[PDB]
Amino acid sequence: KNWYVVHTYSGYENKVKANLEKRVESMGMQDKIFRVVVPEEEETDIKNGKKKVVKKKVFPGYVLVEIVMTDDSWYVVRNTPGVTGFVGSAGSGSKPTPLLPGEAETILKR
Amino acid sequence: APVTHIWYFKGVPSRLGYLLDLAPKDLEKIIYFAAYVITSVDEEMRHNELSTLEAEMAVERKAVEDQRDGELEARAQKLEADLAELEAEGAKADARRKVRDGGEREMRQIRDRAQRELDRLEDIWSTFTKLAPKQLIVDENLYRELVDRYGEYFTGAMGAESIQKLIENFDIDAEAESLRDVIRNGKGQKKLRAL
Amino acid sequence: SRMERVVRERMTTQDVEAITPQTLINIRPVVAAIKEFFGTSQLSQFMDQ
Amino acid sequence: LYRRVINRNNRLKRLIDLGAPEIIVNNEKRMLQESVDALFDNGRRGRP
RNA sequence: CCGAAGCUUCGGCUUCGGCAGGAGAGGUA
DNA sequence: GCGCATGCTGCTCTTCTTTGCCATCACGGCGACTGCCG
DNA sequence: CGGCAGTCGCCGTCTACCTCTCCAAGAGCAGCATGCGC
């Protein structure tokens, strides 16, 4: 149930989000994937009297998704329309590696 | 970040591999972020903290074994008390013997577990002791373990930035006279490799 | 086959009771394949007269 | 191929000067290396 | 480099205007 | 009369490689290499 | 350690000339403009 990472194209982080979210319910796996968060920051685009606060994704192309490691979970997650593939080539690239929990908590500071 | 010229690494033969004395598969693994390598290992401090950490690791292993003993103690005691308050008096002593067999199987499981942890610590010690430059260390777990316990002395990383360090700390002359000594008095196929 | 892969992947992301055959079908791959065969191909050749 | 190299270098610079975790930086560095390799010699390693 | 237009002392001077890579198929000696 | 919502429309990229897609490719010469048997 | 034989990748495969066709598009992210509601 650790926090893993995934890779999307570019600008498809929220499409990937919605897709995965709904799929988990339609495909029927509300017991492996639990939480999805896309890290995002802020950009002050004031037009001298008109604020904006537009999406400024700190890590463009990377969506961290908590997932219990299995096999069909890997299938549904990686085959969601939009994701390029998993991360974690530390061991050649066979299985993803769980992101250091402390690093996850520091990423979730905001 | 530094990169590597394709001409001097993916050739026939590999000129970088011939200069650094590394197999092409090892170079491919290091360059493309799939394994670690030890850039340098301090041999002075290590040669003293050798005995120092020998003592330390003996202590650690003792602690580990004693914790095993204690868990064994607790669990065994409780189980035996339970099975003693009732030696399956409704049928025969054999049902209690069978649950005692189950308990002993559990015992042996925990035994194997702790023993394997012991030999993995042994592996740790081995790897950390006899460690020389240019020694591919696969498995991220092992690397992080070593960098947690004995994070000093040895250094290393992966990527082309870790090959720049190996090339920078390289002495051509010593290797040249070493190869000439090998060619002078040698036979077999090591002479062909030296040539 | 390409259109079938698209519809299979999209059948699990839409909401039921609003799914109709016209919203599940994409024509673009088929017309693209046909126009790629009848144009830049090595077997559909310019006729000599 | 130049645009690919420049894009990967810019993404790597922005990610390094932000405090990113090590796994993501390693992935980006590997991808930059592959892009440069494809610039100098396309098809020698992997797929064209 | 070419064209158009002016000054031109006949050496020339000035204004404006203008571009050309790959893949596949068939054929002749 | 003013605020909010939804459609013309500038406007600048974007296009991977798994449990998938993909299907193969002669023929000879040469040299490393690499697991494998002793 | 020490031979050992299959194997796997990389190199090369004649000259000059003529004619024709075809060479990423949909999705997405804003940026408003006008219609509709209270």
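Check the secondary structure of chain D and you find two helices and zero strands. Projected onto its principal axes, the C-alpha coordinates of chain D cover approximately 35 × 20 × 10 Å. Per-residue burial over chain D gives 40% buried out of 48 residues. Just so you have it, chain D exposes about 3,100 Å², and 47% of that area is on carbon and sulfur atoms. Charged side chains in chain D number 11 positive and 6 negative. The centres of these two groups are separated by 5 Å.

Before going further, it helps to spend a moment on the interface of chain B and chain D. Residue-level contacts link 18 residues of chain B with 14 residues of chain D. Buried area between chain B and chain D, both sides added, is near 1,500 Å², and the carbon and sulfur share of it is 56%. Linking chain B with chain D are two salt bridges. Note that D:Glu22 is salt-bridged to B:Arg144, the shortest N-O span being 3.3 Å. Summed over the shared surface of chain B and chain D, the result is four residue pairs in polar contact. At the level of secondary structure, the elements contributing two or more residues to the side of chain B that touches chain D comprise α2 (24–31), α5 (140–149) and α6 (160–168) of chain B. A breakdown of the residues in the side of chain B that touches chain D according to their chemical character gives ten nonpolar, three polar and five charged.

Another point: the packing of helix α1 (residues 2–16) of chain D against helix α2 (residues 22–40) of chain D. All names here are of chain D. Following both chains from N to C, one finds α1 and α2 inclined at 160°, their axes separated by 9 Å at the closest point. One finds that α1 runs roughly antiparallel with respect to α2. By crossing handedness, the relation of α1 to α2 is classed as left-handed. Contact residues: α1 offers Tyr2, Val5, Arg8, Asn9, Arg11, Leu12, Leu15 and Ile16, while α2 offers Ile24, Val25, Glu28, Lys29, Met31, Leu32, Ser35, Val36 and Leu39.

Around DNA strand G, the structure places A:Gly11, A:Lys15, A:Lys52, A:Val54, C:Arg28 and C:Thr40. Counted by atom, the contact set of DNA strand G within 4 Å of the protein is 100% sugar and phosphate. Residue classes in the surface near DNA strand G are distributed as one nonpolar, two polar and three charged.

Looking now at α6(B). Those residues of α6(B) that sit buried are B:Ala160, B:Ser162, B:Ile163 and B:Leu166. What you see down the axis of α6(B) is that its buried residues fit within an arc of 150°, all on one side. Residues of α6(B) that are buried sit in contact with α1 (15–20), α2, β1 (37–41) and β2 (154–157) of chain B together with α2 of chain D.

All right, on to the packing of aromatic side chains then. Residue and element names in this part refer to chain B. Here the structure, examined in full by the defined rule, presents nine aromatic pairs over all chains. Here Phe9 and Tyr32 contribute two aromatic rings whose centre-to-centre distance is 6.5 Å and whose plane-to-plane angle is 50°, an arrangement assigned as tilted. Remark: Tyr32 occurs in the loop between α2 and β1 and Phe9 occurs in the segment before α1; sequence separation between them is 23 residues. Using a relative accessible area of 4% as the deciding quantity, one classes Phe9 as buried. The class for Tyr32 is buried, based on a relative accessible area of 8%. On the basis of an interplanar angle of 45° and a centroid distance of 5.7 Å, the ring pair of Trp125 and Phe128 is categorised as tilted. Here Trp125 and its partner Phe128 are both found in helix α4 (residues 93–129), three residues apart, which amounts to about one turn of the helix. Under the relative-accessibility criterion, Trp125 is labelled buried at 10%. Among the aromatic side chains, those forming a connected cluster through ring pairs are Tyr36, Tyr143 and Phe154.

Counting contacts across all four pairs of chains that touch, the top pair turns out to be chains B and D. In this assembly chain B lies apart from chain C, the nearest approach of their C-alpha atoms being 33 Å. No interface is formed between chain C and chain D, the nearest pair of C-alpha atoms being 22 Å apart.

Turning our eyes to something else, we now look at the sheet that holds strand β4 (residues 83–86) of chain A. Residue and element names in this part refer to chain A. If you walk across this open sheet you meet the four strands as β2-β3-β1-β4, and the pairing is antiparallel. Each having just a single partner strand, β2 (33–37) and β4 make up the two edges of the open sheet. Adjacent strand axes in the sheet meet at a mean angle of 35°, parallel and antiparallel pairs treated alike. One ladder, built from three bridges, connects strand β1 (residues 3–8) with β4; its direction is antiparallel. Following the sheet pairing, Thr8 is matched in β4 by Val83.

This part is about the side chain of C:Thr12. Examined against the element boundaries, C:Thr12 turns out to sit in the loop between α1 (2–10) and α2 (28–38). The class for C:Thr12 is buried, based on a relative accessible area of 18%. Setting aside its immediate chain neighbours within four residues, C:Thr12 contacts A:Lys22, A:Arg23, A:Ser26 and A:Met27.

Attention now moves to the interface of chain C and chain A. Contacts between the two partners involve four residues from chain C, matched on the other side by six residues from chain A. When chain C packs against chain A, close to 400 Å² is buried across both sides, 56% of that on carbon and sulfur atoms. Scanning the region where chain C abuts chain A turns up zero salt bridges. Broken down by class, the residue content of the side of chain C that touches chain A amounts to no nonpolar, three polar and one charged.

About the thresholds
- Chain by chain, residues are numbered from 1 following the written sequence, and this numbering need not agree with the entry; no residue without coordinates is displayed.
- Chains carry letters and ligands carry numbers; both start at the beginning, A for chains and 1 for ligands, and go up in the order they are written.
- Each value given relates to the chains shown, not to the larger assembly they are part of.
- Where side-chain values are given, they derive from all heavy atoms of the structure, hydrogens and water being excluded.
- Residues with missing side-chain atoms are left out of burial classes, side-chain pairs and their counts.
- Secondary structure elements are defined from DSSP: runs of H or I of at least 4 residues count as helices, runs of E of at least 2 residues count as strands, and each element is numbered from the N terminus.
- Buried residues are those whose accessible area, probed at 1.4 Å on protein chains only, stays under 20% of the maximum for their type, while exposed residues exceed 50% and partly exposed ones sit between those limits.
- We get accessible surface area from the Shrake-Rupley algorithm with a probe of 1.4 Å; when it comes to residues, only the shown protein chains can shield them.
- Charged-residue counts in this description rest on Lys and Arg as positive and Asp and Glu as negative, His and the chain ends being excluded.
- Charged side chains are reduced to one point each, which is NZ for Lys, CZ for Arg, CG for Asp and CD for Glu.
- Only heavy atoms enter the contact rule, under which two residues are in contact if any of them lie within 4.5 Å.
- Accessible surface is computed with a 1.4 Å probe, and the buried area is the amount of it that two parts give up when combined, taken over both parts together.
- A carboxyl oxygen of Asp or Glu within 4 Å of a side-chain nitrogen of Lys or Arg is what we treat as a salt bridge.
- Here a polar contact is taken to be a pair of N or O atoms separated by no more than 3.5 Å, where protein atoms must pair a possible hydrogen donor with a possible acceptor and residues adjacent in sequence count only if both atoms sit in side chains.
- Each residue is assigned to one of three groups, with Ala, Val, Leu, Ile, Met, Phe, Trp, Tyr, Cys and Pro labelled nonpolar, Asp, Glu, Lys and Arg labelled charged, and all others, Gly among them, labelled polar.
- Angles shown run from 0 to 180 degrees and are taken between the N-to-C directions of axes, each axis being a line fitted to C-alpha atoms and, for helices, limited to the stretch in contact.
- We call two directions roughly parallel when the angle between them is under 35 degrees, roughly antiparallel when it is over 145, roughly perpendicular when it lies between 65 and 115, and oblique otherwise.
- For any pair of crossing helices, the crossing counts as left-handed if the nearer helix is rotated counterclockwise from the farther one by less than a right angle, and right-handed if it is rotated clockwise.
- When at least one non-hydrogen atom of a residue lies within 4 Å of a molecule or strand, that residue is treated as near it.
- Here the arc refers to the directions that run from the helix axis out to each C-beta atom.
- For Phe, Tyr and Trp, rings pair up if their centres lie within 6.5 Å, where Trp contributes its six-membered ring, and each pair is then called stacked (planes under 30 degrees apart), edge-to-face (over 60) or tilted (otherwise).
- Two strands pair if DSSP finds at least two bridges between them.

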